[PDB]
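First chain written, first letter: the chains are A, B, C, D, E, F, G, H and I, and each begins at residue 1.
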Amino acid sequence: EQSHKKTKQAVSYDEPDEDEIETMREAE
Amino acid sequence: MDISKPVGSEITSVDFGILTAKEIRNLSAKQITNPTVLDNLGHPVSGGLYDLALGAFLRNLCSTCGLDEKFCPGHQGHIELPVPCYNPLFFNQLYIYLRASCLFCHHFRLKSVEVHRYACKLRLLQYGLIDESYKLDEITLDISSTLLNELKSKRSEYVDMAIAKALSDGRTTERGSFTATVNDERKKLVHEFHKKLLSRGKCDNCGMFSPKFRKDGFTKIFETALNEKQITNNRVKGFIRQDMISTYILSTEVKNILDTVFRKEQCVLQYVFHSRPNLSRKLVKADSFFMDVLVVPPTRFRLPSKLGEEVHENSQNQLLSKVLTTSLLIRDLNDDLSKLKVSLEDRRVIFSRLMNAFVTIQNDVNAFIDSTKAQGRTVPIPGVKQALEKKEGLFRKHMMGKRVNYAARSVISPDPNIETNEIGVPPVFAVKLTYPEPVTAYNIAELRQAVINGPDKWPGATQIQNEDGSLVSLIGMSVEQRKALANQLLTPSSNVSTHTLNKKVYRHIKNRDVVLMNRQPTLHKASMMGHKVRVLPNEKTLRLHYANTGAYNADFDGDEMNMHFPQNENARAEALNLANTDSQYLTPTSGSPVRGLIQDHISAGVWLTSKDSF
Amino acid sequence: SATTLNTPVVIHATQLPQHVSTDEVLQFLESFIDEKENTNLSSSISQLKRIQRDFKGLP
Amino acid sequence: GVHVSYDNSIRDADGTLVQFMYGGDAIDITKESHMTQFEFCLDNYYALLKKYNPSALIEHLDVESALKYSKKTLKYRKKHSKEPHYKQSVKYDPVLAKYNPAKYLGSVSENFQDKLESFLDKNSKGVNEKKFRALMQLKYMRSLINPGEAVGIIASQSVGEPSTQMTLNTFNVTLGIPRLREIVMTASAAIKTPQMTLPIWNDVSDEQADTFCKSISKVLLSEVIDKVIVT
Amino acid sequence: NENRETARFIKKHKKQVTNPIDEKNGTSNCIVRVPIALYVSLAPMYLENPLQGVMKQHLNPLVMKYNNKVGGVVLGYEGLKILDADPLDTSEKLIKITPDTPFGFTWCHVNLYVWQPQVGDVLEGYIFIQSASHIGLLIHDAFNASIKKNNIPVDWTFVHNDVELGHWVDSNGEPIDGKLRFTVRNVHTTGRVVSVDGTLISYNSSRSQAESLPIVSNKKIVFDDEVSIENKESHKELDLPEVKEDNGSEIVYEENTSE
Amino acid sequence: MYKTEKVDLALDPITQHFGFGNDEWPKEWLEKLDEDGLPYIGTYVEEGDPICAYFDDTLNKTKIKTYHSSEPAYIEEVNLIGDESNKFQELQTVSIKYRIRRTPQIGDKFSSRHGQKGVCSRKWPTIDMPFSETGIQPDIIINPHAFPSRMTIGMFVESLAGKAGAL
Amino acid sequence: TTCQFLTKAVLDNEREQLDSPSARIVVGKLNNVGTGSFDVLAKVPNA
Amino acid sequence: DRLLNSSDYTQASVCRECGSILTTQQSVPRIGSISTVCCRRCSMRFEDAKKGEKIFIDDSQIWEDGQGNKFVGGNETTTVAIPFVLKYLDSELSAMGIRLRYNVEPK
Amino acid sequence: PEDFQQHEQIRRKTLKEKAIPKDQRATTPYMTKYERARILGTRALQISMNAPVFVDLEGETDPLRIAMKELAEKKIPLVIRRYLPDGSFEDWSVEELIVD
């Protein structure tokens, strides 16, 4: 898993696909 | 970027607006009418997506600028839509203004004095004066027209005076003051205005009820029939009209309703649609929400994707061809409609043919702009909205971040024999990474050798740029030609148009150069520092000193690092004086050191500085 | 040919053009030719000398 | 966009003011280390006096304006020492609010002023107590954050980068990244663990406080029932 | 609003200052003085001598060449003045440098002396050459001028020279003198050298809408000669493919069968 | 390191045929492939070199399947397989095995049986290497600063056990 | 939501003053932070 | 240097009159004439330019395209250094019916 | 011709309005880390385009090290236009600015 991260040149700052996406699932 | 090529003009600001149909028709290089892209034999069909007027394609010269595939920038074309279509991006807005307007007096169902109150507040907000917009609500005298018109006069008087008073001082310019708090106050009002607009059922101007408009996921509007209480209301308020002198609704009917409403309510919409004062004095027209034409992007941005041997059709051309098929079909339907008619009665069929013609072109228009607004086809082709938001988006993947030239990547290896401010560059990278060094009297000796050495001997040169702008590659040349070009580097320019310029030598990366070392993730600016190049012979990996291990958070467990080679002196100075390693001894997080020796050196010091050590 | 270092970014007439008499043109030509004579400009002075010659004599 | 402006204030990309001064003193964190290490600075007086060369600066700055004002603020501060924050004098505001730190020798943070004056009192030690004061005043002047410095990115990087070290779970209240997310990322009005810290008086005993705890704590019928028999 | 939008276009192509016929000479004065403002680049080699820079770089290639903005041929420049980027007493001014390159850019004020000949203007020229279809002239013995066969009067008859060339004869029946007076029909800028299209013959010609009706015969002479010139030129530098038949025979294209 | 490739001609009438077409023959291809169009087993190949040769009647031209990889190789095995047919037999499928030699390079990982992995930092010369009293220089050098954190004492006892057993 | 913010910009008839780091990167303008927080002018001797 | 200079730096033609990179095109000249960058939007069709007294076009204002159509005006074009993605973005926004106006100095 | 004269008058009026006079200037007498970096980079760029150098480059081949030498003797003929958040500016010469 770290070998794939060792070669990939990141587009941005990781990804919010975890708990953050379910927190963003709240409309104003 | 070339320092020999300066630019005198600069973009100071970008203005966002909508393209008018009249505007597109004039700038268009060719009208696209044909759904086919290629004729027989292999030549592009006249009036198709690959027309040579849209730019050079298939080793043919452009029929607009005459240039070939390289120098031709490409040209915009247009598709003439046989019937107007709702622009997908602005459908929600035109829908708000359709539900908010009266179908009889063709004004918003909200009372004129209340509408004027919003227009006043929004005009005062074009200029940076929020306090005055609230002070307008203090201006106060089923109410007579002679009294309400005096309130509109007193409010307009305060607005004109408050603007002029603030304009006299340095409070607001002719172009108007605009801040985030001003923007917050504007956004609040434009929201409140639309909320009050949508809330009214019975028109406050003329007491007649309008039939409610409903909507579906796709761009399509329906008209719900009025109830018997509201139908009798229309009858009793029918005489006052004389003294002054669910069913689908077509795009033309909606445009015609909004046309009159945007004319009759022009005063408020002038400030509803303008963030700052409208100095251009342009009219706010309803046809901005509608599409009577479609711009055809240049062939340059619609080229067929080639993967090895297979040449695949461009997805945009596919979506555009679909719009072209429907347009030809409606042109025939309208032609048959024009033929016949004395015999009618059963007009339920002619409207049914019309509804299909309208909903089909609309879907094809939607599919091209935003696919997630088009009907399901038995994964769909991505629209232009999808193109800008493919994954992270065009802005994130190709603007905020970009793949770069003059850069290298390699596994890092430790090295205590190089300086803490240096990087061990393999000779592989040194013979490929070059800097555009302009030839002068002070460096003619240094560059002559580099030119003789060529692109495979370090310190050499891969290319030489003449003052005329042309490039001379030293790759294929033997020592004899290189020796001749070196004795031609400091020759005076015969041409008066380039006498200012001097030749450039694309010289190998030397031991005096700056490089940007990067170890991902770049969680803090210390993970991207400027290192001094040290070309180490017989090396296949980037050599790094142990003092750098902390800042990069890099362990020599098979880690990879990116090396960037900036190509100008301003970028050099920055990597040597601002982003350089030595200026990153202390982290700005706590002001504590992130540079020091790590293991052998610590154990060595305890032994070396011991009393027993003589 | 047609570059920022060759041609200007913009040229603007600051005022309306004011007509000059035969003697003023000849006085200017004499002043300009003398100042420039004091590489491709030489061919333009050669042509300018012909205008000056026409404004007082015969070719 | 948030950076240091040439007027020392922290301004956004569009010119809107975010802070009037960086941390209220305009000091670069990568400089604020030996600025309180007075004994160190004293032992290296002549070394630092040669470093912060004042001979090429004495003609460009003011040596008294701020120093006089610093005494006036210290005067009113000592007068209302025992007094609470709401009753404190508002006559003279800080010396940094009235004098540019890069132009006036003495326009120093009251925190630095108090710390420096306390050192000269608690330590009586060829360096005079007056010439050392000037060197430290000059050190603060040379420790100022440069106009143009992207304090915005630096701040987010200074909160982001060390928040990677708190990815591990608990060994009641929300901690680490979830708590940081409740603040910075969502600004939640509905916090997972909402709390109140109530400072108890001295006249209220440990037994009285525990009885008070019981008086406010939510009591359910379940908590007082031992058995329920349904016949 | 119907004519308000078109009114802006008329003022864009409106002749600012017209050339007046004076001193009973019959010829219109076309040399004019116009003060202008330039935005020019300054090379780093000219950083110690900036006025020489602006001159050698942009003002020198400007002379004896037509400039579209001034609407004429720049005969020279007078009184160069660099505008200081710093609003202020000294000769030391400052110019803003591009962030990317070492080149600076500045505003400059200089007076231009331009040869501004509008249409309808009466000018004199010395006959350079005289062919059967055109007459070559030289205005001030430096500016090229031409009078086409159709722009020459009907009464005039051309005669061809035998044994070293030709000569045109006027209405009276005598050859034309060295200097010739003509009216400006058109001015051609787009080309290499400025060429003035002139007329020797000159609204109320309507005889019951007769002016609107064009004489095909006369309209042909001006169109055929125009096309013949355009087609002969398009045939110059025309590369055609070499075709070889399935016998080993090259197909040679020649209108004349015999030698 | 051995790598195998399957060169199948399927993409019902046979068009592509293994070998070389008459009249058309691009320069120096015979150096890598034999008369049959297949490569000589043992031949050194780099990226761009022809790994096989065929002729397709649809294009009436002699084409080749190129070898492409950053690592050069040698041909170890070439097997011709003409299956999935009863009486109508002709070869279309060929399996080619490449032998890629892999000497220990700077970066390659090495580990003891105690979970102590490390990358090859350098290939230190024996003259520059520390020499024992016995006259032996170590094959591998492990840094002492590895053991205090990992606590791999099994390796420490393995060291004195391996020495005792060698003697 | 690139297309959503773009729609809101068009409807406001907004002028992007190109003063944010992001906006400057979009139009290829030099960032106004640090070295971009000022202008460099050359002192020329001749009048 | 990274996000522009050594990535997609392009010196592109822009019309100062309407502020666009996509309407500008190189004009097709005659045998002797030189090609000039002209804006398709601001230029008027020669025939449509109809007319105090009669006015005459200064010749330098008339340009021709590859199709042979004559145009009057649209000569207020300059050069600006921009990223190429901007040209692709403006092109995509134009399909959607959105217009970007680049205010270019000097004017 | 008439519309441009007004535009030029406004342009120069706004410029003068933004310029902070030499006496009224109130920024740091010290040259910022950023100012030094750009000055050295820009001057190096000028040196590489055959610009008249005011120092004796004793065998120096790097334009940046030449620009560094010129800075040490305060011979760099550049000016820093320090902008404020309202658009107003302070013109400071390289000579008068204090360098560490």
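Here is the rule we use: a contact is a pair of C-beta atoms (placed from the backbone, for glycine too) under 8 Å apart; a residue touches a chain by one contact, two chains touch by 3 or more.
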For chain H and chain I, which third chains touch each of them?
B, C, E, G
Go ahead and note the Å separation of the Cα centroids belonging to chain D and chain F.
63
Counting only Cα atoms for the centres, state how far chain D is from chain I in Å.
36
Averaging over Cα atoms per chain, report the distance between chain B and chain F in Å.
48
Per the C-alpha means, the centres of chain F and chain I lie apart by a whole-Å value of 61
For chain F, give me the residues that contact two or more of the other chains.
none
In chain G, what residues contact two or more other chains?
3, 6, 10, 17, 25-27, 34-44
Mind pulling the chain E residues that touch 2 or more other chains?
16, 37, 39, 41, 43, 45, 47-48, 57, 60-61, 86, 94, 96-97, 99-103, 105
All pairs of touching chains, each written as two labels joined by a dash:
A-B, A-D, B-C, B-D, B-E, B-F, B-G, B-H, B-I, C-E, C-H, C-I, D-G, D-I, E-G, E-H, E-I, G-H, G-I
Please give the residue numbers of chain B that touch chain I in the complex, ascending.
3, 437-438, 440-443, 445-446, 502, 512, 568-574, 576-578
Tell me, which parts of chain G touch chain B in their complex?
1-3, 6-7, 9-18, 22-23, 25-27, 29, 34-35
If we count contacts the way the header does, which residues on chain F are in touch with chain B in the complex?
105-107, 109, 119, 121-122, 143-145
Sites on chain A touched by chain D in the complex:
19-20, 23
If we count contacts the way the header does, which residues on chain B are in touch with chain A in the complex?
391-392, 396-397, 401, 409, 520-521, 558-560, 562
